[PDB]
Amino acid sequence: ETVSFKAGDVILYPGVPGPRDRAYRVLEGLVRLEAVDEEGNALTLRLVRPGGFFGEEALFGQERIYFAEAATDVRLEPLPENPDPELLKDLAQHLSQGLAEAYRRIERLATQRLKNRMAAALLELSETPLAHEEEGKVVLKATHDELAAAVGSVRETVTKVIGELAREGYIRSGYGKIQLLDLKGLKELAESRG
């Protein structure tokens, strides 16, 4: 069986999973897992690309501490309540990869300057359906508030970092989009603590 969601639609809500809640495997599109505070602002916890899994806590009775939102139009595949061996192995493989990527995020938050973390965030997003190319340059669809959620910062600080990256020539910014001009330069920032 398969289920579809339009960009912006809420797929899962935080809390103790309901008895018929299901985990999902992404077939197409991008899913964003995020923590939302009492003021309605978010912190992106993980991006799930095609082939990835989320909502796994429903298989184990574990509390869901995040919202699962459709970043783009998505087509999902609900997992059975009792995944067979091969599906379970694929789930485990992806949870292992996800945990390692979370480790990398922890490393960045603990040791990397915001400007450098933003460069990494921009490159990461450039590998998703939220980006494409215009005039031969990668163009990302992302507002400053979304970028703030991506690097775990606030609008003002992000706006200042984006402005500096723009003035230096790494990117161009406007109309809810970011155009990447110097990919090699951004990669160098992303790989440095700053």
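For every residue, the number given is its place in the sequence shown, counted from 1.
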Legend entry - 7-15 versus 21-29 - which carries the larger mean C-alpha B factor in the record: 7-15
Legend entry - Segment of higher mean CA temperature factor, 103-111 or 72-80: 72-80
Inset, instruction - Using the temperature factors in the entry, find which of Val36, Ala148, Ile162, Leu130 has the highest value at its Cα atom. - result: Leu130
Legend entry - Residue with maximal Cα B-factor (values as given in the PDB entry) among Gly40, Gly52, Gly61, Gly169: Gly61
Inset, instruction - Ordered by C-alpha B-factor within the chain, which third holds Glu57? Give me lowest, middle or highest, please. - result: lowest
